[PDB]
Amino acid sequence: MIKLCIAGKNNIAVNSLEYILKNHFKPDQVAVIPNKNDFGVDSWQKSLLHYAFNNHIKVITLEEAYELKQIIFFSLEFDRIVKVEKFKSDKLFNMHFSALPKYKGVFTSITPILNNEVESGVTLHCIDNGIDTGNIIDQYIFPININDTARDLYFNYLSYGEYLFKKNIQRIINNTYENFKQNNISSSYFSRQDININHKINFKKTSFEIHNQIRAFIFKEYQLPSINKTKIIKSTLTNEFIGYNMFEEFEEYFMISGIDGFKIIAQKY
C-alpha cells in the first residue's frame, strides 16, 4: 500500500523522496503529486515528475490521496490549498519557507528581505485549512546575509527545508512528534497581490531599505529589478558614508545612498 505521498516540486521534494527510498519505504509504497509547472524536465531545480519516472514512482491525484487511510501526506512546495476534512488520514504535513508565525502566504524569498529582516527560517507544521496556520512540529532559523538576494534566500530555504524534513521524518513515521499552536502575536501574511514583481524603488528610504528593494527582486529565472530601464544583477551595501540621497549612474553600475548616506553599488546587466 502507499504509506507516503510527496506533493510539490524542486530539490526539496526530489531530495526528500530520495531520502524516503534509502531509509524508510520502497518505491511501491510511495507516490507523488507534482506541481502544475512540472513538465518532467530538470532545469535550475530537479523535476519531481522526472525523478518519479526514473524511480518507478506512481503519480496520484489529490482525489486518490483523500481515500488512502494512514497515508503520510507531505507538502514540499505544493502549489494547492487542500481541505483537511476530505482526507481519511490526519497525517498531513507542510514545510513552510519562513520563521512562522511570520511571513505566511507566498513570495517568502522576497517578503522578509523587503520587510527589513536579518533572519528567516523553515517551519515543519501540520496542515490545517488555513494558509500556513497549522501547529508547528519543528523550526530552524538562519541568517539573511546582508547582500543575499531572494534567489540566495530561496536556495537556503531549499537546503534548510530538506535538512528539517530528514531530521523529523522518523518521528513523523513513528507518530512520536509534538505539535504546538502558532502564536496570534507576530503572525503575518503576504498574498500574490501584496507583491509587485516590477517594484518601483522608493529612494526616500535608508540605504539598507533601497538595497532591500533591489535585492528582494534579484531572481534571474523570474525577473531582475530595473533602475532607469536598466536591469540590476547585484546590489552590495557597505557602511561607507558617501553623503545623503546620492544617485550616480556609471556605464556598468549605479552608486546610491539613502537618507542615511551609506554606499550601495547596483551592478547593471
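In case it trips you up, residue 1 is the first one in the sequence shown, and so on.
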*State which stretch shows the higher mean Cα B factor in the entry: 205-213 or 235-243.*
235-243
*Quick one: say whether 161-169 or 184-192 has the higher mean Cα B-factor in the deposited entry.*
161-169
*asked:* Looking at the C-alpha B-factor values in the deposited entry, which of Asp148, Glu117, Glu178, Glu77 comes out highest?
replied: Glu178
_Peak C-alpha temperature factor (PDB record), options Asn129, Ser89, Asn174, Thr111_ = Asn174
*By its CA B factor, does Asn198 count among the lowest, middle or highest third of the modelled residues in the chain?*
highest
*Looking at the C-alpha B-factor of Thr61, is it in the lowest, middle or highest third of its chain?*
middle
*Lowest, middle or highest third: where is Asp38 by C-alpha B factor in its chain?*
lowest
_Lowest, middle or highest third: which one holds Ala13 when the chain's residues are ordered by CA B-factor from the entry?_
lowest
_How does the C-alpha B factor of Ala266 compare with the rest of the chain: lowest, middle or highest third?_
highest
